[PDB]
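Novice: File follows, upload-v2.pdb with PDB, C-alpha atoms (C1' of nucleotides) and all ligand atoms:
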ATOM      1  CA  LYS A   8      22.993 -13.728  32.561  1.00  0.00           C
ATOM      2  CA  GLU A   9      20.147 -12.994  30.155  1.00  0.00           C
ATOM      3  CA  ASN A  10      17.167 -10.744  29.613  1.00  0.00           C
ATOM      4  CA  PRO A  11      14.052 -12.716  30.610  1.00  0.00           C
ATOM      5  CA  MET A  12      11.978 -11.515  27.650  1.00  0.00           C
ATOM      6  CA  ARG A  13      14.379 -10.817  24.791  1.00  0.00           C
ATOM      7  CA  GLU A  14      13.922 -14.534  24.071  1.00  0.00           C
ATOM      8  CA  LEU A  15      12.858 -15.965  20.717  1.00  0.00           C
ATOM      9  CA  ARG A  16       9.230 -16.798  19.968  1.00  0.00           C
ATOM     10  CA  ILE A  17       7.480 -17.556  16.700  1.00  0.00           C
ATOM     11  CA  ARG A  18       5.074 -14.758  15.856  1.00  0.00           C
ATOM     12  CA  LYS A  19       3.352 -16.011  12.713  1.00  0.00           C
ATOM     13  CA  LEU A  20       3.160 -19.102  10.523  1.00  0.00           C
ATOM     14  CA  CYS A  21       2.072 -18.813   6.892  1.00  0.00           C
ATOM     15  CA  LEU A  22       0.634 -21.655   4.817  1.00  0.00           C
ATOM     16  CA  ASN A  23       0.104 -21.421   1.094  1.00  0.00           C
ATOM     17  CA  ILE A  24      -0.838 -23.522  -1.931  1.00  0.00           C
ATOM     18  CA  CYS A  25      -0.236 -22.208  -5.458  1.00  0.00           C
ATOM     19  CA  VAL A  26      -2.176 -24.302  -7.962  1.00  0.00           C
ATOM     20  CA  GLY A  27      -1.694 -22.097 -11.035  1.00  0.00           C
ATOM     21  CA  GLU A  28      -5.268 -22.221 -12.346  1.00  0.00           C
ATOM     22  CA  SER A  29      -8.689 -21.188 -11.082  1.00  0.00           C
ATOM     23  CA  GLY A  30     -11.546 -23.618 -10.637  1.00  0.00           C
ATOM     24  CA  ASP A  31     -12.568 -26.804  -8.863  1.00  0.00           C
ATOM     25  CA  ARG A  32      -8.931 -27.568  -8.068  1.00  0.00           C
ATOM     26  CA  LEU A  33      -8.605 -24.125  -6.493  1.00  0.00           C
ATOM     27  CA  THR A  34     -11.711 -24.367  -4.330  1.00  0.00           C
ATOM     28  CA  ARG A  35     -10.827 -27.886  -3.185  1.00  0.00           C
ATOM     29  CA  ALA A  36      -7.348 -26.646  -2.257  1.00  0.00           C
ATOM     30  CA  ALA A  37      -9.030 -23.884  -0.267  1.00  0.00           C
ATOM     31  CA  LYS A  38     -11.198 -26.520   1.413  1.00  0.00           C
ATOM     32  CA  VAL A  39      -8.286 -28.704   2.483  1.00  0.00           C
ATOM     33  CA  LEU A  40      -6.363 -25.653   3.687  1.00  0.00           C
ATOM     34  CA  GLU A  41      -9.259 -24.371   5.790  1.00  0.00           C
ATOM     35  CA  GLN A  42      -9.836 -27.828   7.246  1.00  0.00           C
ATOM     36  CA  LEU A  43      -6.165 -27.925   8.229  1.00  0.00           C
ATOM     37  CA  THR A  44      -5.980 -24.390   9.626  1.00  0.00           C
ATOM     38  CA  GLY A  45      -9.407 -24.170  11.266  1.00  0.00           C
ATOM     39  CA  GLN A  46     -10.206 -20.874   9.534  1.00  0.00           C
ATOM     40  CA  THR A  47     -11.124 -19.476   6.145  1.00  0.00           C
ATOM     41  CA  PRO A  48      -8.112 -18.795   3.887  1.00  0.00           C
ATOM     42  CA  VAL A  49      -7.942 -16.203   1.099  1.00  0.00           C
ATOM     43  CA  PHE A  50      -7.289 -16.214  -2.635  1.00  0.00           C
ATOM     44  CA  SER A  51      -4.460 -14.311  -4.314  1.00  0.00           C
ATOM     45  CA  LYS A  52      -4.876 -13.047  -7.862  1.00  0.00           C
ATOM     46  CA  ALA A  53      -2.141 -13.351 -10.464  1.00  0.00           C
ATOM     47  CA  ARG A  54      -0.070 -10.175 -10.629  1.00  0.00           C
ATOM     48  CA  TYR A  55       0.775 -10.409 -14.336  1.00  0.00           C
ATOM     49  CA  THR A  56      -0.021 -12.380 -17.502  1.00  0.00           C
ATOM     50  CA  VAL A  57       2.436 -15.046 -18.659  1.00  0.00           C
ATOM     51  CA  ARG A  58       1.368 -17.725 -21.130  1.00  0.00           C
ATOM     52  CA  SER A  59       4.262 -20.075 -20.350  1.00  0.00           C
ATOM     53  CA  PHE A  60       2.462 -21.070 -17.142  1.00  0.00           C
ATOM     54  CA  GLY A  61      -0.955 -20.518 -18.728  1.00  0.00           C
ATOM     55  CA  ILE A  62      -2.097 -17.682 -16.457  1.00  0.00           C
ATOM     56  CA  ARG A  63      -3.571 -14.249 -17.110  1.00  0.00           C
ATOM     57  CA  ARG A  64      -4.211 -10.979 -15.279  1.00  0.00           C
ATOM     58  CA  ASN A  65      -6.302 -11.077 -12.063  1.00  0.00           C
ATOM     59  CA  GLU A  66      -7.471 -14.613 -11.550  1.00  0.00           C
ATOM     60  CA  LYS A  67      -7.189 -16.533  -8.301  1.00  0.00           C
ATOM     61  CA  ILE A  68      -4.345 -19.049  -8.618  1.00  0.00           C
ATOM     62  CA  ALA A  69      -3.278 -19.514  -5.007  1.00  0.00           C
ATOM     63  CA  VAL A  70      -4.824 -19.884  -1.560  1.00  0.00           C
ATOM     64  CA  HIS A  71      -2.987 -18.798   1.575  1.00  0.00           C
ATOM     65  CA  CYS A  72      -3.582 -18.257   5.276  1.00  0.00           C
ATOM     66  CA  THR A  73      -1.703 -17.131   8.380  1.00  0.00           C
ATOM     67  CA  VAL A  74      -1.879 -18.278  11.998  1.00  0.00           C
ATOM     68  CA  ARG A  75      -0.548 -17.070  15.342  1.00  0.00           C
ATOM     69  CA  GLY A  76      -0.019 -18.734  18.687  1.00  0.00           C
ATOM     70  CA  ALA A  77      -1.411 -22.085  19.798  1.00  0.00           C
ATOM     71  CA  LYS A  78      -2.578 -23.335  16.413  1.00  0.00           C
ATOM     72  CA  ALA A  79       0.661 -22.013  14.921  1.00  0.00           C
ATOM     73  CA  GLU A  80       2.946 -24.206  17.009  1.00  0.00           C
ATOM     74  CA  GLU A  81       0.596 -27.186  16.643  1.00  0.00           C
ATOM     75  CA  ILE A  82       0.684 -26.936  12.845  1.00  0.00           C
ATOM     76  CA  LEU A  83       4.444 -26.383  12.915  1.00  0.00           C
ATOM     77  CA  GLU A  84       4.868 -29.451  15.128  1.00  0.00           C
ATOM     78  CA  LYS A  85       2.852 -31.511  12.644  1.00  0.00           C
ATOM     79  CA  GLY A  86       4.953 -30.230   9.752  1.00  0.00           C
ATOM     80  CA  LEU A  87       8.259 -30.920  11.477  1.00  0.00           C
ATOM     81  CA  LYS A  88       7.033 -34.381  12.462  1.00  0.00           C
ATOM     82  CA  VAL A  89       6.379 -35.022   8.773  1.00  0.00           C
ATOM     83  CA  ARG A  90       9.844 -33.635   7.957  1.00  0.00           C
ATOM     84  CA  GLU A  91      11.336 -35.710  10.836  1.00  0.00           C
ATOM     85  CA  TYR A  92      12.746 -32.514  12.387  1.00  0.00           C
ATOM     86  CA  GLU A  93      15.285 -32.290   9.558  1.00  0.00           C
ATOM     87  CA  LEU A  94      16.268 -29.022   7.882  1.00  0.00           C
ATOM     88  CA  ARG A  95      19.147 -27.760   5.761  1.00  0.00           C
ATOM     89  CA  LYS A  96      21.558 -24.875   6.235  1.00  0.00           C
ATOM     90  CA  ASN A  97      20.106 -22.977   3.272  1.00  0.00           C
ATOM     91  CA  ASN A  98      16.541 -23.384   4.565  1.00  0.00           C
ATOM     92  CA  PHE A  99      17.068 -20.368   6.850  1.00  0.00           C
ATOM     93  CA  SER A 100      16.877 -16.778   5.631  1.00  0.00           C
ATOM     94  CA  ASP A 101      19.226 -13.955   6.581  1.00  0.00           C
ATOM     95  CA  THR A 102      16.472 -12.237   8.591  1.00  0.00           C
ATOM     96  CA  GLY A 103      15.913 -15.154  10.979  1.00  0.00           C
ATOM     97  CA  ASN A 104      12.765 -16.624   9.429  1.00  0.00           C
ATOM     98  CA  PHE A 105      12.644 -20.022   7.775  1.00  0.00           C
ATOM     99  CA  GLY A 106      10.335 -22.510   6.128  1.00  0.00           C
ATOM    100  CA  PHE A 107       9.929 -25.639   4.054  1.00  0.00           C
ATOM    101  CA  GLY A 108       7.376 -27.503   1.970  1.00  0.00           C
ATOM    102  CA  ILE A 109       5.277 -30.643   2.179  1.00  0.00           C
ATOM    103  CA  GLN A 110       4.766 -32.517  -1.082  1.00  0.00           C
ATOM    104  CA  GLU A 111       1.367 -33.857  -0.005  1.00  0.00           C
ATOM    105  CA  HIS A 112      -0.988 -33.036   2.832  1.00  0.00           C
ATOM    106  CA  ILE A 113      -2.751 -36.188   4.068  1.00  0.00           C
ATOM    107  CA  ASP A 114       0.372 -37.363   5.916  1.00  0.00           C
ATOM    108  CA  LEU A 115       0.332 -34.648   8.591  1.00  0.00           C
ATOM    109  CA  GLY A 116      -3.019 -35.828   9.963  1.00  0.00           C
ATOM    110  CA  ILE A 117      -5.564 -35.205   7.201  1.00  0.00           C
ATOM    111  CA  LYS A 118      -8.032 -37.864   6.089  1.00  0.00           C
ATOM    112  CA  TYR A 119      -7.787 -38.771   2.408  1.00  0.00           C
ATOM    113  CA  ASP A 120     -10.926 -37.741   0.533  1.00  0.00           C
ATOM    114  CA  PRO A 121     -10.812 -38.984  -3.086  1.00  0.00           C
ATOM    115  CA  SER A 122     -12.935 -36.069  -4.323  1.00  0.00           C
ATOM    116  CA  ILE A 123     -10.613 -33.268  -3.199  1.00  0.00           C
ATOM    117  CA  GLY A 124      -7.527 -35.149  -4.390  1.00  0.00           C
ATOM    118  CA  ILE A 125      -3.983 -34.393  -3.243  1.00  0.00           C
ATOM    119  CA  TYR A 126      -2.208 -31.087  -2.656  1.00  0.00           C
ATOM    120  CA  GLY A 127       1.178 -29.998  -1.398  1.00  0.00           C
ATOM    121  CA  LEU A 128       1.831 -26.756   0.414  1.00  0.00           C
ATOM    122  CA  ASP A 129       4.472 -24.386   1.761  1.00  0.00           C
ATOM    123  CA  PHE A 130       5.068 -23.753   5.460  1.00  0.00           C
ATOM    124  CA  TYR A 131       6.870 -20.576   6.464  1.00  0.00           C
ATOM    125  CA  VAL A 132       7.606 -19.305   9.972  1.00  0.00           C
ATOM    126  CA  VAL A 133       8.607 -15.772  10.946  1.00  0.00           C
ATOM    127  CA  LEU A 134      10.654 -15.869  14.136  1.00  0.00           C
ATOM    128  CA  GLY A 135       9.809 -12.916  16.360  1.00  0.00           C
ATOM    129  CA  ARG A 136      10.888 -11.197  19.550  1.00  0.00           C
ATOM    130  CA  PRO A 137       8.940  -9.166  22.133  1.00  0.00           C
ATOM    131  CA  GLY A 138       8.831  -5.634  20.765  1.00  0.00           C
ATOM    132  CA  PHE A 139       8.723  -6.406  17.026  1.00  0.00           C
ATOM    133  CA  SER A 140       5.304  -4.718  16.808  1.00  0.00           C
ATOM    134  CA  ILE A 141       7.127  -1.369  16.849  1.00  0.00           C
ATOM    135  CA  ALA A 142       8.076  -1.902  13.205  1.00  0.00           C
ATOM    136  CA  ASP A 143       4.425  -2.001  12.124  1.00  0.00           C
ATOM    137  CA  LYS A 144       2.266  -0.209  14.688  1.00  0.00           C
ATOM    138  CA  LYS A 145       0.481   2.930  13.554  1.00  0.00           C
ATOM    139  CA  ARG A 146       1.082   5.782  15.994  1.00  0.00           C
ATOM    140  CA  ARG A 147       4.865   5.939  16.482  1.00  0.00           C
ATOM    141  CA  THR A 148       6.514   3.503  14.091  1.00  0.00           C
ATOM    142  CA  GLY A 149      10.231   2.796  14.288  1.00  0.00           C
ATOM    143  CA  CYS A 150      12.946   0.282  13.557  1.00  0.00           C
ATOM    144  CA  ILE A 151      13.887  -2.557  15.905  1.00  0.00           C
ATOM    145  CA  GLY A 152      17.540  -1.647  16.474  1.00  0.00           C
ATOM    146  CA  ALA A 153      20.565  -3.790  15.717  1.00  0.00           C
ATOM    147  CA  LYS A 154      20.900  -6.007  18.794  1.00  0.00           C
ATOM    148  CA  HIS A 155      17.217  -6.899  18.909  1.00  0.00           C
ATOM    149  CA  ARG A 156      16.939  -8.370  15.414  1.00  0.00           C
ATOM    150  CA  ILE A 157      17.355 -12.073  14.662  1.00  0.00           C
ATOM    151  CA  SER A 158      20.165 -13.597  12.608  1.00  0.00           C
ATOM    152  CA  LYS A 159      20.645 -16.926  10.876  1.00  0.00           C
ATOM    153  CA  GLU A 160      22.815 -18.311  13.681  1.00  0.00           C
ATOM    154  CA  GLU A 161      20.292 -17.400  16.382  1.00  0.00           C
ATOM    155  CA  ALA A 162      17.514 -18.992  14.333  1.00  0.00           C
ATOM    156  CA  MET A 163      19.615 -22.143  13.924  1.00  0.00           C
ATOM    157  CA  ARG A 164      20.336 -22.309  17.651  1.00  0.00           C
ATOM    158  CA  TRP A 165      16.686 -21.778  18.561  1.00  0.00           C
ATOM    159  CA  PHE A 166      15.556 -24.496  16.157  1.00  0.00           C
ATOM    160  CA  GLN A 167      18.141 -27.025  17.270  1.00  0.00           C
ATOM    161  CA  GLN A 168      17.610 -26.344  20.988  1.00  0.00           C
ATOM    162  CA  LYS A 169      13.844 -25.911  21.386  1.00  0.00           C
ATOM    163  CA  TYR A 170      12.784 -28.643  18.929  1.00  0.00           C
ATOM    164  CA  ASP A 171      15.995 -30.757  19.248  1.00  0.00           C
ATOM    165  CA  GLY A 172      16.268 -30.923  15.462  1.00  0.00           C
ATOM    166  CA  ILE A 173      19.277 -31.450  13.224  1.00  0.00           C
ATOM    167  CA  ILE A 174      20.537 -29.024  10.572  1.00  0.00           C
ATOM    168  CA  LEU A 175      22.122 -31.240   7.948  1.00  0.00           C
ATOM    169  CA  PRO A 176      24.510 -29.393   5.615  1.00  0.00           C
ATOM    170  CA  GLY A 177      23.500 -28.607   2.060  1.00  0.00           C
TER     171      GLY A 177
ATOM    172  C1'   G B   1     -31.001  18.961 -69.821  1.00  0.00           C
ATOM    173  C1'   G B   2     -22.656  22.177 -70.708  1.00  0.00           C
ATOM    174  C1'   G B   3     -27.494  22.803 -76.254  1.00  0.00           C
ATOM    175  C1'   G B   4     -27.294  27.655 -73.576  1.00  0.00           C
ATOM    176  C1'   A B   5     -26.557  31.594 -69.257  1.00  0.00           C
ATOM    177  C1'   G B   6     -24.271  33.651 -65.015  1.00  0.00           C
ATOM    178  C1'   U B   7     -20.308  32.798 -61.671  1.00  0.00           C
ATOM    179  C1'   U B   8     -16.344  30.667 -58.822  1.00  0.00           C
ATOM    180  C1'   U B   9     -12.071  27.912 -58.815  1.00  0.00           C
ATOM    181  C1'   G B  10      -8.454  30.156 -50.502  1.00  0.00           C
ATOM    182  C1'   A B  11      -3.873  31.672 -48.201  1.00  0.00           C
ATOM    183  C1'   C B  12       1.087  30.952 -46.619  1.00  0.00           C
ATOM    184  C1'   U B  13       5.472  30.311 -49.659  1.00  0.00           C
ATOM    185  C1'   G B  14      13.811  32.030 -50.114  1.00  0.00           C
ATOM    186  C1'   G B  15       9.787  33.197 -57.844  1.00  0.00           C
ATOM    187  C1'   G B  16       5.254  30.036 -58.941  1.00  0.00           C
ATOM    188  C1'   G B  17       3.946  24.948 -59.032  1.00  0.00           C
ATOM    189  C1'   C B  18       4.304  19.999 -56.531  1.00  0.00           C
ATOM    190  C1'   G B  19       5.339  19.093 -51.382  1.00  0.00           C
ATOM    191  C1'   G B  20       4.084  20.837 -46.472  1.00  0.00           C
ATOM    192  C1'   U B  21       0.576  23.656 -42.714  1.00  0.00           C
ATOM    193  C1'   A B  22       4.802  26.703 -39.795  1.00  0.00           C
ATOM    194  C1'   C B  23      -3.657  28.663 -41.038  1.00  0.00           C
ATOM    195  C1'   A B  24      -6.915  27.186 -34.531  1.00  0.00           C
ATOM    196  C1'   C B  25      -4.477  25.199 -30.179  1.00  0.00           C
ATOM    197  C1'   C B  26      -0.580  22.807 -26.237  1.00  0.00           C
ATOM    198  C1'   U B  27       4.918  21.200 -23.914  1.00  0.00           C
ATOM    199  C1'   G B  28      10.502  21.908 -23.830  1.00  0.00           C
ATOM    200  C1'   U B  29      14.180  24.958 -26.388  1.00  0.00           C
ATOM    201  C1'   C B  30      15.575  28.962 -29.245  1.00  0.00           C
ATOM    202  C1'   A B  31      15.176  33.389 -25.697  1.00  0.00           C
ATOM    203  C1'   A B  32      20.633  36.734 -24.305  1.00  0.00           C
ATOM    204  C1'   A B  33      18.678  34.523 -15.298  1.00  0.00           C
ATOM    205  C1'   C B  34      11.262  39.911 -14.971  1.00  0.00           C
ATOM    206  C1'   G B  35       7.774  39.613 -18.953  1.00  0.00           C
ATOM    207  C1'   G B  36       7.663  39.793 -24.460  1.00  0.00           C
ATOM    208  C1'   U B  37      10.542  38.237 -28.654  1.00  0.00           C
ATOM    209  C1'   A B  38      11.435  35.768 -35.621  1.00  0.00           C
ATOM    210  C1'   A B  39      12.226  31.963 -39.612  1.00  0.00           C
ATOM    211  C1'   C B  40       8.894  26.214 -44.373  1.00  0.00           C
ATOM    212  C1'   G B  41      14.134  26.904 -36.749  1.00  0.00           C
ATOM    213  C1'   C B  42      14.742  22.174 -33.418  1.00  0.00           C
ATOM    214  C1'   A B  43      12.069  17.755 -30.515  1.00  0.00           C
ATOM    215  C1'   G B  44       6.921  16.434 -30.039  1.00  0.00           C
ATOM    216  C1'   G B  45       1.424  16.454 -29.037  1.00  0.00           C
ATOM    217  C1'   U B  46      -4.462  17.778 -30.071  1.00  0.00           C
ATOM    218  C1'   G B  47      -9.912  17.670 -32.681  1.00  0.00           C
ATOM    219  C1'   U B  48     -10.255  12.577 -27.845  1.00  0.00           C
ATOM    220  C1'   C B  49     -11.161   9.683 -23.141  1.00  0.00           C
ATOM    221  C1'   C B  50     -13.777   9.126 -18.211  1.00  0.00           C
ATOM    222  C1'   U B  51     -20.791   7.021 -13.819  1.00  0.00           C
ATOM    223  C1'   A B  52     -15.586   7.283 -12.841  1.00  0.00           C
ATOM    224  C1'   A B  53     -10.342   8.226 -14.493  1.00  0.00           C
ATOM    225  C1'   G B  54     -15.718  13.329 -11.050  1.00  0.00           C
ATOM    226  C1'   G B  55     -16.634  14.634  -5.016  1.00  0.00           C
ATOM    227  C1'   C B  56     -15.678  13.445  -0.094  1.00  0.00           C
ATOM    228  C1'   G B  57     -13.911   9.829   3.866  1.00  0.00           C
ATOM    229  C1'   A B  58     -11.018   5.779   5.601  1.00  0.00           C
ATOM    230  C1'   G B  59      -6.994   2.305   5.297  1.00  0.00           C
ATOM    231  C1'   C B  60      -2.495   1.100   2.864  1.00  0.00           C
ATOM    232  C1'   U B  61       2.703   2.380  -0.265  1.00  0.00           C
ATOM    233  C1'   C B  62       5.121   2.243  -5.108  1.00  0.00           C
ATOM    234  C1'   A B  63       9.688   0.832  -9.208  1.00  0.00           C
ATOM    235  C1'   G B  64      13.533  -2.137  -8.100  1.00  0.00           C
ATOM    236  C1'   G B  65      16.800  -5.336  -5.272  1.00  0.00           C
ATOM    237  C1'   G B  66      18.573  -9.112  -1.589  1.00  0.00           C
ATOM    238  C1'   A B  67      17.582 -13.624   1.287  1.00  0.00           C
ATOM    239  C1'   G B  68      14.280 -17.825   1.956  1.00  0.00           C
ATOM    240  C1'   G B  69       9.854 -21.545   0.724  1.00  0.00           C
ATOM    241  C1'   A B  70       6.738 -28.899  -3.105  1.00  0.00           C
ATOM    242  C1'   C B  71       6.248 -29.247  -7.992  1.00  0.00           C
ATOM    243  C1'   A B  72       8.409 -23.712  -9.454  1.00  0.00           C
ATOM    244  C1'   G B  73      12.809 -22.511 -13.521  1.00  0.00           C
ATOM    245  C1'   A B  74      15.159 -16.318 -15.444  1.00  0.00           C
ATOM    246  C1'   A B  75      10.143 -15.337 -14.930  1.00  0.00           C
ATOM    247  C1'   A B  76       3.257 -18.269 -11.417  1.00  0.00           C
ATOM    248  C1'   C B  77       2.257 -17.586  -5.324  1.00  0.00           C
ATOM    249  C1'   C B  78       3.833 -16.760   0.160  1.00  0.00           C
ATOM    250  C1'   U B  79       7.398 -14.352   4.059  1.00  0.00           C
ATOM    251  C1'   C B  80      11.126 -10.975   5.865  1.00  0.00           C
TER     252        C B  80
HETATM  253 MG    MG A 201     -20.437  27.645 -69.209  1.00  0.00          MG
HETATM  254 MG    MG A 202      16.600  39.052 -20.199  1.00  0.00          MG
END
Render the structure in this file as structure tokens.
Ligand SMILES: [Mg+2]
Ligand SMILES: [Mg+2]
Specialist:
Amino acid sequence: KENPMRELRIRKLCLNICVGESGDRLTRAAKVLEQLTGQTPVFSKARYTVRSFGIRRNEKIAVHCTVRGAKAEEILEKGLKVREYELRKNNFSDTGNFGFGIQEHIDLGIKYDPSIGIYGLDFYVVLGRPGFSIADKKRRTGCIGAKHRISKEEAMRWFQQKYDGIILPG
RNA sequence: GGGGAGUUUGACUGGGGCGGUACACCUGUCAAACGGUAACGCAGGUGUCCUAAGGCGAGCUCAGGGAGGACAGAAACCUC
């Protein structure tokens, strides 16, 4: 048997692009990201100052956004279609989440505009389960127990069964 | 305008002088489980800075570590 609603569902999908310098490149990356995600993304300032990468304290160097639900699985389907539903054993974290990256963006269904240029990005997905909001709600916060959490094997099974993908070793 | 006049040229202090400030303050210890308690005892700090680094209210949680993610690495950004 099974519990009808202890099943696995994706609860958020995070997209980010880290360009490493503020300016026209940054705002065009924000533009392509918001066109892809249908909503305005946000800028993240540099935490520290390191001159090896040519960055300083508190300038926007990356643009990221998060999605839930319908648009989340559509974007994830596009990304996995680009990655031909192929992932590696080490692509999955110990907490049940996973992710990957796309070297360039116009392949997943984005028209090439010569002005904006080309940009890669990182997809990440946080596998969830009904009741995970306990860990972050305000009134009576608590843990999510031991049985209810997600492990690497469960994430692998969910990926290979729902999206009929292949986990090549590596 | 030392030609001439009057006067002054601190204190502390293992003699005085040179050095130093133990000369006004602050922290720990000395200090002997109330408080107080000495030495040129020990380790140090002060003559500032702030329109917010003051005053309320709201919302968040930090250092670090582990596991993941294109360039990305020991270190850039995202997630748990
Ligand atoms: Mg005389
Ligand atoms: Mg006594």
Novice: Residue 160 of chain A: which residues within 12 Å, counting all atoms listed in the file, same-chain residues fewer than 5 positions away excluded, as a list in words?
Specialist: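 Here the qualifying residues turn out to be residues 96, 97, 99, 100, 101, 102, 103, 104, 105, 165, 166, 167 and 174 of chain A.
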Novice: Do you have the atom CA of residue 18 of chain A-atom CA of residue 135 of chain A distance handy?
Specialist: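 These two atoms are separated by 5.1 Å.
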Novice: Work out how far atom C1' of residue 8 of chain B is from atom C1' of residue 47 of chain B, in Å to one decimal.
Specialist: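 It comes out at 29.9 Å.
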Novice: Would you mind listing, for every residue of chain B within 10 Å of ligand MG 201 (chain A), the two atoms forming the shortest contact and the distance between them in Å to one decimal, using all atoms listed in the file, sorted by chain and ascending residue number, as JSON lines?
Specialist:
{"residue": "B:2", "atom": "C1'", "partner": "A:MG201", "partner_atom": "MG", "distance": 6.1}
{"residue": "B:4", "atom": "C1'", "partner": "A:MG201", "partner_atom": "MG", "distance": 8.1}
{"residue": "B:5", "atom": "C1'", "partner": "A:MG201", "partner_atom": "MG", "distance": 7.3}
{"residue": "B:6", "atom": "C1'", "partner": "A:MG201", "partner_atom": "MG", "distance": 8.3}
{"residue": "B:7", "atom": "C1'", "partner": "A:MG201", "partner_atom": "MG", "distance": 9.1}
Novice: Given the file above and the PyMOL selection byres ((chain B) within 6 of (chain A and not hetatm)), which residues are selected, and can you give them as a PDB file with C-alpha atoms (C1' of nucleotides), in the coordinates of the input?
Specialist:
ATOM      1  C1'   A B  67      17.582 -13.624   1.287  1.00  0.00           C
ATOM      2  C1'   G B  68      14.280 -17.825   1.956  1.00  0.00           C
ATOM      3  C1'   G B  69       9.854 -21.545   0.724  1.00  0.00           C
ATOM      4  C1'   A B  70       6.738 -28.899  -3.105  1.00  0.00           C
ATOM      5  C1'   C B  77       2.257 -17.586  -5.324  1.00  0.00           C
TER       6        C B  77
END
Novice: Give me, please, the distance in Å between atom CA of residue 11 of chain A and atom CA of residue 170 of chain A, quoted to one decimal.
Specialist: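 We find that atom CA of residue 11 of chain A and atom CA of residue 170 of chain A lie 19.8 Å from each other.
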Novice: So which residues get picked by the PyMOL selection byres (((not hetatm)) within 12 of (chain A and resi 202)) here, written as a PDB file with C-alpha atoms (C1' of nucleotides), in the frame of the given file?
Specialist:
ATOM      1  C1'   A B  31      15.176  33.389 -25.697  1.00  0.00           C
ATOM      2  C1'   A B  32      20.633  36.734 -24.305  1.00  0.00           C
ATOM      3  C1'   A B  33      18.678  34.523 -15.298  1.00  0.00           C
ATOM      4  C1'   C B  34      11.262  39.911 -14.971  1.00  0.00           C
ATOM      5  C1'   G B  35       7.774  39.613 -18.953  1.00  0.00           C
ATOM      6  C1'   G B  36       7.663  39.793 -24.460  1.00  0.00           C
ATOM      7  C1'   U B  37      10.542  38.237 -28.654  1.00  0.00           C
TER       8        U B  37
END
Novice: When you count all atoms listed in the file, which of these residues is closest to residue 119 of chain A: A:148, A:39, A:47, A:32?
Specialist: A:39
Novice: Which one of B:39, B:61, B:10, B:76 sits closest to residue 22 of chain B if you count all atoms listed in the file?
Specialist: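 Checking each of B:39, B:61, B:10, B:76 against residue 22 of chain B, counting all atoms listed in the file, the winner is B:39.
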Novice: Any chance you could work out the residue set of the PyMOL selection byres (((chain A and resi 84-87) around 10) and not hetatm) here, as a list in words?
Specialist: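 On this input, the PyMOL selection byres (((chain A and resi 84-87) around 10) and not hetatm) captures residues 78, 79, 80, 81, 82, 83, 88, 89, 90, 91, 92, 93, 94, 107, 108, 109, 112, 114, 115, 116, 129, 130, 170 and 172 of chain A.
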Novice: Taking (7.1, 22.6, -22.8) in the file's coordinates as the center, which residues reach within 12 Å of it, counting all atoms listed in the file, put as a VMD selection string?
Specialist: chain B and resid 26 to 29 43 to 45
Novice: Go ahead and dump the residues you just picked, C-alpha atoms (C1' of nucleotides), as a PDB file, keeping the file's coordinate frame.
Specialist:
ATOM      1  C1'   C B  26      -0.580  22.807 -26.237  1.00  0.00           C
ATOM      2  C1'   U B  27       4.918  21.200 -23.914  1.00  0.00           C
ATOM      3  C1'   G B  28      10.502  21.908 -23.830  1.00  0.00           C
ATOM      4  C1'   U B  29      14.180  24.958 -26.388  1.00  0.00           C
ATOM      5  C1'   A B  43      12.069  17.755 -30.515  1.00  0.00           C
ATOM      6  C1'   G B  44       6.921  16.434 -30.039  1.00  0.00           C
ATOM      7  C1'   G B  45       1.424  16.454 -29.037  1.00  0.00           C
TER       8        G B  45
END
Novice: Pick out the residues sitting within 12 Å of residue 13 of chain B, and hand them over as a list in words; count only C-alpha atoms (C1' of nucleotides), and ignore anything fewer than 5 positions along from it in its own chain.
Specialist: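 The filter keeps residues 19, 20, 21, 22 and 40 of chain B.
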Novice: Reconstruct N, CA, C and O atoms of segment 106-111 of chain A from the incomplete input and present them as an mmCIF file, keeping the file's coordinate frame.
Specialist:
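Full text of part06.cif as output:
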data_model
loop_
_atom_site.group_PDB
_atom_site.id
_atom_site.type_symbol
_atom_site.label_atom_id
_atom_site.label_comp_id
_atom_site.auth_asym_id
_atom_site.auth_seq_id
_atom_site.Cartn_x
_atom_site.Cartn_y
_atom_site.Cartn_z
ATOM 1 N N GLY A 106 11.497 -21.824 6.655
ATOM 2 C CA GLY A 106 10.335 -22.510 6.128
ATOM 3 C C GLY A 106 10.748 -23.726 5.334
ATOM 4 O O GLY A 106 11.934 -24.030 5.182
ATOM 5 N N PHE A 107 9.738 -24.418 4.823
ATOM 6 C CA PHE A 107 9.929 -25.639 4.054
ATOM 7 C C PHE A 107 8.627 -25.942 3.323
ATOM 8 O O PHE A 107 7.692 -25.136 3.325
ATOM 9 N N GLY A 108 8.563 -27.111 2.695
ATOM 10 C CA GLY A 108 7.376 -27.503 1.970
ATOM 11 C C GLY A 108 7.053 -28.963 2.212
ATOM 12 O O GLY A 108 7.927 -29.778 2.513
ATOM 13 N N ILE A 109 5.769 -29.278 2.079
ATOM 14 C CA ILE A 109 5.277 -30.643 2.179
ATOM 15 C C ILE A 109 4.689 -31.019 0.827
ATOM 16 O O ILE A 109 3.833 -30.301 0.297
ATOM 17 N N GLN A 110 5.157 -32.139 0.272
ATOM 18 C CA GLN A 110 4.766 -32.517 -1.082
ATOM 19 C C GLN A 110 3.299 -32.917 -1.144
ATOM 20 O O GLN A 110 2.643 -32.735 -2.176
ATOM 21 N N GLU A 111 2.770 -33.474 -0.059
ATOM 22 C CA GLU A 111 1.367 -33.857 -0.005
ATOM 23 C C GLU A 111 0.885 -33.718 1.431
ATOM 24 O O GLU A 111 1.675 -33.783 2.374
#
